[PDB]
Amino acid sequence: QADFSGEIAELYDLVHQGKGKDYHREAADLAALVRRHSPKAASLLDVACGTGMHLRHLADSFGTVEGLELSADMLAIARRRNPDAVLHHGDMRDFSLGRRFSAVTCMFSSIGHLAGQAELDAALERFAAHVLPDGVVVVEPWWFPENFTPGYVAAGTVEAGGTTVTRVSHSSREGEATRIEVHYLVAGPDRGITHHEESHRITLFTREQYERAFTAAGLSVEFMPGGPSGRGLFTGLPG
């Protein structure tokens, strides 16, 4: 699969907890970035919010937080995690919520699930359409082509509460994208062992392709390297 559904969606949080992803830390850094650019910020929209881990922590920093997510199964986990937030089922390429926000964020390389400049431009225009004029757009990109490592293998095992999950991924270059194949073994005393597979195309947009998408949406763009996952961060300001 490629749609973050079913068993894969239910394993997502445990797998990334096992890999060391710290959403509390990332949310605090993201909130500080937002407050640096929009010092009276009060509202945030997290696009491709997945299971809602960032939003759960951002709600402490901003009086209104909302989310948008394409996968119904991810969205169901996010809604249970964030019962008091308004979350939306929808597509970052075309959504329309009828309000604006101090910040529009798109984290953890979700933007790489778009194919081609036309989809990238359309998403960035939607983000610009949802940001207040004194607000900020934040996009965590995928790897740039010059930084991509073909043949990369990641392997990790986590156990929690009687469930053991092992995850192995392999990445290769496929045209202008990463082809990443992911396999899971899920095990437990009563349930036995189950095997699951995922296969994704994640687009290797160049730095200049990202900057063009921000520019076409009317945002001034800046790239900061490092960031939450080693891939840096883009910030866009209206005007």
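In this text, residue numbers run from 1 along the sequence as written.
Engineer: Would 100 to 108 or 75 to 83 have the larger average of its C-alpha temperature factors, as given in the entry?
Structural biologist: Per the PDB entry, the higher value belongs to 75 to 83.
Engineer: Can you tell me whether 224 to 232 has a higher mean C-alpha B factor than 19 to 27 in this record, or the other way round?
Structural biologist: Higher mean C-alpha B-factor in the PDB entry: 224 to 232.
Engineer: Which of these, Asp190, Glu174, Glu198, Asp46, has its C-alpha atom at the highest B-factor, as the entry lists it?
Structural biologist: The C-alpha B-factor peaks, among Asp190, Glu174, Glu198, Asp46, at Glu198.
Engineer: Which is it among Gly90, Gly162, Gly135, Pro141: the one with the largest CA B-factor in the entry?
Structural biologist: The C-alpha B-factor peaks, among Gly90, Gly162, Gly135, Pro141, at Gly162.
Engineer: By the recorded C-alpha temperature factor, relative to the other modelled residues in its chain, which third is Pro39 in?
Structural biologist: It belongs to the highest third of the chain when residues are ordered by C-alpha B-factor.
Engineer: Comparing against every modelled residue in the chain, figure out the third that the C-alpha B-factor of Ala118 lands in (lowest, middle or highest).
Structural biologist: Highest third of the chain for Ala118's C-alpha B-factor.
Engineer: In terms of the CA temperature factor given in the entry, to which third of its chain does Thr194 belong: lowest, middle or highest?
Structural biologist: Middle third, going by the recorded CA B-factors of the chain.
Engineer: Splitting the chain's C-alpha B-factors into thirds, which one does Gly63 fall into?
Structural biologist: Top third by C-alpha B-factor.
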